[PDB]
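For reference, the chains in residue letters:
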Amino acid sequence: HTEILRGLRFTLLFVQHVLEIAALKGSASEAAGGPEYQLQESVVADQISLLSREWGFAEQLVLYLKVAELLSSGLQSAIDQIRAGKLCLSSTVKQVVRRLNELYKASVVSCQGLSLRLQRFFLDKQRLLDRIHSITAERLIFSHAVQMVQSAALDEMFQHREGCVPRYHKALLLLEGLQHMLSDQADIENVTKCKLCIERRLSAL
Amino acid sequence: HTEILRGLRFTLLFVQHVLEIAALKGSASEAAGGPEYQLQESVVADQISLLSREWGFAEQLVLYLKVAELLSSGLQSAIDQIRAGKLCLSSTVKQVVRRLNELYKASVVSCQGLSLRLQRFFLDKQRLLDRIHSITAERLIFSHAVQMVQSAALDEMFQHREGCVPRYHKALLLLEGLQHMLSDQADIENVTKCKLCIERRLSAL
Amino acid sequence: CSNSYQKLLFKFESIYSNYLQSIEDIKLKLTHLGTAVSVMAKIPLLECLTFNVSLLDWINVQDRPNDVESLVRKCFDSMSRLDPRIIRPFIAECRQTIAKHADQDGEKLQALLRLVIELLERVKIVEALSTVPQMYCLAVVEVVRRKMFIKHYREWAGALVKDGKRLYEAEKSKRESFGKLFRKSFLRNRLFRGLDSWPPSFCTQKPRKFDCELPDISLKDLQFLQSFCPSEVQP
Amino acid sequence: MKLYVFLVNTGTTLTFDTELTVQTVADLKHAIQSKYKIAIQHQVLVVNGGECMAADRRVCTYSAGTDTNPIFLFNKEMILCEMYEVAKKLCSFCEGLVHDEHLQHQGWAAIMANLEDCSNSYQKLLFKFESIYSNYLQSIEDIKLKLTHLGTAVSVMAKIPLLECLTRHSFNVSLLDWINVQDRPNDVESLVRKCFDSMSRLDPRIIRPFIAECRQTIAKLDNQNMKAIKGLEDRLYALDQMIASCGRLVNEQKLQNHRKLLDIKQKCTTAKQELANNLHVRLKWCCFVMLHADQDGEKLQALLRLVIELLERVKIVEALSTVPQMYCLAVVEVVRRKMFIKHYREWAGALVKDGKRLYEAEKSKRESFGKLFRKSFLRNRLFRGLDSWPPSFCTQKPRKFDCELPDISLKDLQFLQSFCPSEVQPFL
Amino acid sequence: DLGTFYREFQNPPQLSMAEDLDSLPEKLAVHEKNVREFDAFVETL
Amino acid sequence: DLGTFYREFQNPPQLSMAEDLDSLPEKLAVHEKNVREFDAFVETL
């Protein structure tokens, strides 16, 4: 049953990392640049984000909703494993479940607040939203993973030479989670390609 | 022994018959019962012809010139009969040739009529005579012969075939002359048709 | 026997009996035609020549093989063949004696009926030809009218084509200016749409040649011939 | 036929499969693992004459798969770690060793050849990047003000209204959202952030030190080429003299010199062993320079790719700038198009009406003329040509006045003009 | 026989003139000369 | 390998909204009920 526990824990870590991605979506940080950043760029990005927060908040809501769906599936599976395979009611499993529940409550609160904020926004922008093809959450997750990998590689080159192993491991976990939640072979080929590439680059350690 | 003169003599007899045809073209005639009820219709036709006598006299003079072609052919160096022995001890045949020459002189008088007609044509119907493309004298002679044959048939229906036999014989001689003049292939076919008609007339005898 | 077959021409005889006066009427029609032929002789024919001859002259010469005098003499001969004085009375006497092996009488009657029908058709042609001076005055009027209409239509169509060309050119210039300005900016084909359509210009073009096969009879010459022929100049 | 080749790290001898002998040199790469050796991942080979073993290139195109002009192999894994017959037999070993010396010379020559190409390739990109970076260095200021203008334009677009009637193409909104609408994962803010991120990642404070390091590496490679190749400068003449002496002694042999020749044969091996000493000494300079050069090499190319891409998106970044004034003008253009469509419709209607009237009148006249004379007189044949129908003008209607254009309202134009920002002049 | 003749009457067989028309005076002179020559010749009888 | 990987990762192997906006209240309420139920399940500890 501890294998099922490990699968649950992997789901948990993927959820936590996805939540981190969501938070970064809520507000961007340029500290990952390393040495420095032009002040105007900070000012320009600030103005842009201030102007486009609503749609950014919308993307955040979509991401959080996908997170919530994952959490609900995990909770149903938790009820299932509680019915059978409790594995001595593992205190570790109990703590994992409790952390998951806290995250789920946070997700519910966040979704409610985001919906309340977007009420007028979703109201006014109804027509375009109808016109607009939805931004797939899995697409956003893949995009964050890819940008993270690219930045890590750029730091590996050009003599940053630090933190590469951490960001690499994190992105590997994120990619594995995306593959688990992929459920579409067409892009699953590209996902497997990226995962194999990450594993091969892991030989550097 | 006398062909060089006898062939021209038959052609000249045909020419004399053609001159008679021209004379008939000069003024109308009535037969097959004579004048009919309201014979002024025939008088009306006479008035019309008088109004149009120029074209008829012109056709007559054109025929006169067509015959004068062969007339001058015989006249120019007329010793072919003597060279063939036709004139050998045949001064009377030479006198007949002189009669044919006076006939050619009459054709010259008709050609003077033709010159007056052509002057009147240049005066009125100049461009018409230019684009005339009219039937040669042979076609007109054949048409006159056909009209004679039709009159003969009408008379034979009218039980007046006494002179219609002579008319049929004269038309057969005219057909023979046309066959002697049947240069064109269509002329040969029409001569064959006339031969069939002559056979039918001989049957009607 | 053969009388049953001859009954076709026998029925024609009633039509001939009907035609007996009609031919006499046609004779009157023939006299009017002769007068009209004289009037056509007074009339000219030079217009649209393809010179200085008369209308009756050209018409008679219009067919070399036969002419008005030819058909007139043929009609007189047909009348003689169907003579009311004798032959038509003789035809009726034969029709009566048919009741007194009948191949000869039937064949003669059928041939005479065919000739008479041909005579009636030729009489119709004569009547059309006797109308033909009127029809010629009318055709000259129609040709002058066609010339006037062609001139007016040419003027109007050319003005229309020129105006349409000017409009199409101006629209094309404005559209080209707008297209050049930001030919590929801001996803113009995607953000906006369809602005690239060049304005239609079919109305700008001019018509082709029309009524070119006219015999080219001058309208002024037509008026000259009409004035020179006051006799039945009405048509 | 199985291949026969050389391997300098393995005594200038090698064997391979028949596919390695005739097919693409990728078969030779696979067969490197064969013949008791490591694969091409731990090996490097070149054909006789210095021809580098291109795996895609057919071995037949290489023409070095047999013992005649055999290809030599450099093993990266190696870097990773009564009785008179002897008169010829001893000499037999020497000549092969003598040829091996010549074979050894080729390998260094081939090694030098690769360096030449390496030096050329590295130097070529160097200036290319140097120009590009300097171009970028000059461009650094240019890009900056452009981004600020882009931000001002984004603010204006926010102030700018939404598409109005164009929404129905398929409420309170702005073109900025409409602009942001397209490519949801790739918004404008994403573009600007990526651009500034590359710009910072393109720090001259790092680029210049990297450029200097690359130049120093290139110079070190050049020095190694000068040094390591010169490492065996005196070998050729000495080996030639020894081989000539061996030949002369063997010929004289036809046992005082027998041991002397045998010792000379033994004395040759020390030179061969000495030759091996120069090899590894030269070989270490080779790969160490080669690997380091490769590491630097792609980086600049990647940097160039990064340099190129930053240039690339810069244009697209530049592209969005005109969008406000462009759309402002486009609205007026569509309005003028609608007005022109109206005027053209009116003109076409008037023309069609006049043409229908004239065509009807002319058809009536022609009908009257036919009634007068259509087949009614033999005069028609002589007077032929007048029976033509009158001119066929354009009484029909136009096809379409650019229907695909989307809907718009002049009152909507006035409302936008009142509501719009300072871009009203672009739409004035 | 008579019927065939009537049919022939009912359907008789069948077969720019300025080119011949203009040469009329020339052919007239030629014929006049030929006639004079034959007039001289006829005395040889 | 890792140095070479950058070229591969350099390329993006990439992968109506009002409909989703409609279901938002429904999914939200469903999540709220599931949250209450999950908290109850948590109480089992």
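What counts and what doesn't
Residues numbered from 1 in each chain as written, not as in the entry; some residues may be left out. Chains lettered and ligands numbered in written order. Heavy atoms only, no water. Residues with missing side-chain atoms left out of burial classes, pairs and counts. Helix = DSSP H or I, 4+ residues; strand = E, 2+ residues; numbered from the N terminus. Rg over C-alpha atoms; globule rule 2.2 N^0.38 Å. Contact = heavy atoms within 4.5 Å. Nonpolar A, V, L, I, M, F, W, Y, C, P; charged D, E, K, R; others polar. Domains from an automatic or database assignment. Axes fitted to C-alpha atoms, helices over the stretch in contact; angles between N-to-C directions. Parallel < 35°, antiparallel > 145°, perpendicular 65-115°, else oblique. Expected span 1.5 Å × (residues − 1). Bend = angle between axes of the 7 residues up to and from the residue. Left-handed = near helix turned anticlockwise from the far one by under 90°.

As recorded in the PDB header, cryo-EM is the method behind this entry, and the stated resolution is 4.46 Å.

Enquirer: Can you break down the overall build of chain C residue by residue, with the values?
Expert: The secondary structure content of chain C amounts to six helices and zero strands. Taken over the C-alpha trace, chain C has a radius of gyration of 33 Å; the compact-globule value for 235 residues is 18 Å, which it surpasses by more than 25%. Overall, chain C is about 110 × 50 × 30 Å in size when its C-alpha atoms are taken along their principal axes.

Enquirer: I'd like to hear about the overall build of chain D, residue by residue, with values.
Expert: Broken down by element type, chain D carries 13 helices and four strands. Against the globule reference of 22 Å for 428 residues, chain D gives a C-alpha radius of gyration of 43 Å, more extended than a compact globule. Reported as C-alpha extents along the three principal axes, the dimensions of chain D are approximately 140 × 75 × 30 Å.

Enquirer: Explain the arrangement of the chains to me, using residue names and the numbers behind them.
Expert: The chain pair with the greatest number of contacts, out of five pairs of chains in contact, is formed by chains B and E. Left apart from each other, chain A and chain B have a closest C-alpha approach of 81 Å.

Enquirer: Give a detailed account of the interface of chain C and chain B, specifying residues and quantitative values.
Expert: Of the residues lining the interface, 10 residues belong to chain C; the matching set on chain B comes to 13 residues. Of the residues that constitute the side of chain C that touches chain B, the class distribution is five nonpolar, three polar and two charged.

Enquirer: An account of the interface of chain B and chain E is needed here, citing residue identities and associated values.
Expert: Listed by partner, the interface residues are 17 residues for chain B and 13 residues for chain E. Looking at the side of chain B that touches chain E, the elements that each hand over two or more residues are α3 (53-75), α5 (91-123), α6 (126-130) and α9 (185-204) of chain B. Of the residues forming the side of chain B that touches chain E, the biggest block, five residues, is contributed by α9(B). Classifying every residue of the side of chain B that touches chain E gives five nonpolar, eight polar and four charged.

Enquirer: Explain the domain arrangement of chain C to me, using residue names and the numbers behind them.
Expert: Here chain C is partitioned into domain 1 (2-140) and domain 2 (150-223). If you average the C-alpha positions of domain 1 of chain C and of domain 2 of chain C, the two centres end up 59 Å apart.

Enquirer: Explain the packing of helix α2 (residues 40-51) of chain B against helix α3 (residues 68-81) of chain C to me, and be specific about the residues and the numbers.
Expert: Where α2(B) meets α3(C), the closest approach of the two axes is 9 Å, and the angle between their N-to-C directions is 170 degrees. The orientation of α2(B) with respect to α3(C), classified from their angle, is roughly antiparallel. For the pair α2(B) and α3(C), contact is made by B:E41, B:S42, B:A45 and B:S49 and by C:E69, C:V72, C:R73 and C:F76, respectively. In terms of residue class, the contact of α2(B) with α3(C) is made up of three nonpolar, two polar and three charged.

Enquirer: Describe in detail unusual backbone geometry, supporting the description with residues and values.
Expert: Look at A:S183: it is not a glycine, yet its phi comes out positive at around 55 degrees. Within the secondary structure layout, A:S183 lies in the loop between α7 (164-180) and α8 (185-201). Its identity as a non-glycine residue notwithstanding, B:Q159 has a phi of 60 degrees, on the positive side. Summarising the element assignment, B:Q159 is placed in the loop between α7 (137-157) and α8 (161-180).

Enquirer: Requested: an account of α3(B), with residues and values cited.
Expert: Since one α-helical turn is 3.6 residues long, residues separated by three or four positions face the same way. All names here are of chain B. Here α3 spans 31 Å end to end across 23 residues, near enough to the 33 Å set by a 1.5 Å rise per residue. At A68, α3 shows its maximal bend, which comes to roughly 25 degrees. Just beyond α3, the residue with positive phi is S77, at close to 55 degrees.

Enquirer: Account for the packing of helix α1 (residues 2-42) of chain C against helix α5 (residues 103-180) of chain C, naming residues and giving values.
Expert: Residue and element names in this part refer to chain C. As a packed pair, α1 and α5 sit with axes 8 Å apart at the nearest point and diverge in direction by 30 degrees. Judged by the inter-axis angle, α1 sits roughly parallel to α5. As for how α1 packs across α5, the hand of that crossing is left-handed. Seen from α1, the contacting residues are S2, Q6, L9, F12, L33 and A36; seen from α5, they are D103, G106, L109, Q110, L113 and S130. Grouping the amino acids of the contact of α1 with α5 by side-chain chemistry returns six nonpolar, five polar and one charged.

Enquirer: An account of the environment of C:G164 is needed here, citing residue identities and associated values.
Expert: Residue and element names in this part refer to chain C. Checked against the element boundaries, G164 lands in helix α5. Along the primary structure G164 and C229 are separated by 65 residues, whereas in three dimensions their C-alpha atoms are 47 Å apart. With near-sequence residues (within four places) excluded, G164 lies in contact with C203 and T204.

Enquirer: Would you mind going over α7(B) in detail, with residue names and values included?
Expert: For α7(B), with 21 residues, the first-to-last C-alpha span of 30 Å sits near the 30 Å given by 1.5 Å per residue. Two residues or fewer past α7(B), B:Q159 is found with a positive phi of approximately 60 degrees.

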